[PDB]
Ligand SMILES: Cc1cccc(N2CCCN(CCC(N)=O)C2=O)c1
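Shown next as structure tokens: one chain only, the form solved without the ligand.
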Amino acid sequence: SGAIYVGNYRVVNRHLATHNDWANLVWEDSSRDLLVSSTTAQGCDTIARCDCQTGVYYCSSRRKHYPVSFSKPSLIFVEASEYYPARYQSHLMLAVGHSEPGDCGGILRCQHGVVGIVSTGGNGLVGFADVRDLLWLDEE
């Protein structure tokens, strides 16, 4: 589990969005596994605006933050998980590391701020849904 809290936006994995998220929906995209809802209180996170390929992510199933190198966001085939069938996911970055389903929502961060959230795992990789292209998260 986990979210990004930037201004009055909550960014969550679409597959973990709650009824309150859907009832307060700003934007969602199944192909990216992202959903954005509105918040009362302003959030503590800053979104990265950059093309970094190194950062640190939180792994809840290890209670650990790991430094990783990761691929640039792209359209990738993802094998079946507990929460999605085998399918193509867009805006996905991969790193070598540990990721189980419950790790979804952990933040990947670089020197510029939050890059994305854990969205995929299995076969010794961790996949992250990028948010750095969502420039509208920083305004209105």
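The numbering used is simple: start at 1 and walk along the sequence shown. Throughout, rigid core stands for the largest set of C-alpha atoms superposing within 1.5 Å between the two forms. Residues that one form lacks are left out of the comparison.
There is also a form deposited with the ligand bound; it is not shown, and the following applies to it.
*the ligand placed by superposing the site C-alphas onto its pose in the deposited complex: is the shown form open or blocked, blocked being 3 or more ligand atoms within 2.4 Å of backbone or C-beta?*
This form leaves the site blocked.
*Does at least one non-hydrogen atom of residue 43 fall within 4.5 angstroms of the ligand in the deposited complex?*
It does not: once the ligand is placed as it appears in the deposited complex, residue 43 has no heavy atom within 4.5 Å of it.
*Residues from 77-93 in contact with the ligand (non-hydrogen atom within 4.5 Å) in the deposited complex*: Result: 78, 81, 83, 84, 87, 89.
_Residue among 81, 38, 71, 90 whose Cα moves 2 Å or more between the shown form and the other one, once the rigid core is superposed_ = The residue that shifts is 81.
*Which consecutive stretches of at least 3 residues differ between the shown form and the other one by 2 Å or more at every CA, rigid core held fixed, listed in sequence order?*
Shifted segment: only 79-87.
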